[PDB]
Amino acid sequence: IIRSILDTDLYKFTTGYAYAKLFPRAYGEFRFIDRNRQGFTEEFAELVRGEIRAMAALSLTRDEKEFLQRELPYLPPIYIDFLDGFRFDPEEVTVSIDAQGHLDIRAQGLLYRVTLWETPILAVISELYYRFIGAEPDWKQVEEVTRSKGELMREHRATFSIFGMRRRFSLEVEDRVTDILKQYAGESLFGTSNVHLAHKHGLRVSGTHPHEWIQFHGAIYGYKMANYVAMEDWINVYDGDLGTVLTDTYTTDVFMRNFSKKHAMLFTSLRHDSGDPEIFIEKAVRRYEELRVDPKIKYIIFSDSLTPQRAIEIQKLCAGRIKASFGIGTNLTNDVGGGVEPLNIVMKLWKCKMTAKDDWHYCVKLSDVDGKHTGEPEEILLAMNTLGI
């Protein structure tokens, strides 16, 4: 199923290099979570193991290497050499059906290595799943609705990027959808998170640092300084490039309260990924003004389960206050008609350590939605108490 080593999200490489540079001895364990608790059989698990083993044959091609050098210059030559000689190691991954009959998958090993498993594994599970249940896309609808969406975004000049790899119906569907959008969205299409398809269709790659980056810092450095040190380390790695920051890892209120003038001035944008967008806009604009930073020159990239229409609505809310762009996912890569619905799956960093000899530290995420928290319950409580939540 996975044919290219570049068939993954941009953030996997940018965060991967950040780990390789600053935390080359760190270890991490990623855990697959089917939030719908669907029942899975051992034969499906075996299909997954086969795909995971197949990935060991992937290797960077000469054209892909040249593409990385030309289009992703923020990735230094040393990292390109690493990717050029990189080979997925299947034994870092363990697949099984748990006691409750649920699909369980864990990738454990050096963090800079295992972080690369996330997107490919989720995309593989998603594609394998639809094949398994015999679902097929209604290409007529794919062609039609994608064109309509593209024309709509173009008409409203809604800058957007394609962020739907992890839950795509299939590589084929994401590939064609990207092709259609490129053809009808005009300048509204900023780019795609899928590095492989950006290469194939001549588009810009698009993405931001992920939650795992902040979460790693929270587990190692503690909750009070998590956001701050994560941003300082990101700057050390990219010197100002990739200047977008996620604010809801430990709640946006905590982020804003500790957002320094230096970082507010240096980063060009914030990313909204949970909670009500209108409420997020108010908090952002208010904090920027408190810091005497002009919100009008800043951008907010909205990416919380968006639809083209919802993007247009948020766009109105931002008019005259702060700039806006969008990250649209599953609505584009998994809308094949026939009642087919996207899987509700994720694979998150569950725990980590600074070096082999360090103890394991659980990672948590709070988000801006009350009650919606992820991670070891005991650790979640500690984070809330530590942050005064």
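The numbering used is simple: start at 1 and walk along the sequence shown.
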| query | Between 33-41 and 356-364, which has the higher average C-alpha B-factor in the PDB entry? | reply | 33-41
| query | Averaging C-alpha B-factors over each stretch, which comes out higher, 137-145 or 199-207? | reply | 137-145
| said: Among the choices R257, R271, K298, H263, identify the one whose CA B-factor in the record is greatest. | reply: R257
| When you compare the CA B-factors of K224, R292, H217, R168 as listed in the entry, which one comes out on top? | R292
| said: Sorting by Cα B-factor within the chain, modelled residues only, which third would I389 end up in: lowest, middle or highest? | reply: highest
| task | Please rank the C-alpha B-factors of the chain's modelled residues and tell me whether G28 sits in the lowest, middle or highest third. | result | lowest
| message | Please say which third, lowest, middle or highest, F132 falls into when its CA temperature factor is compared across its chain. | response | highest
| What third of the chain, by the recorded C-alpha B-factor, contains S96? | highest
| request: Could you tell me which third, lowest, middle or highest, the C-alpha B-factor of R106 occupies within its chain? | output: middle
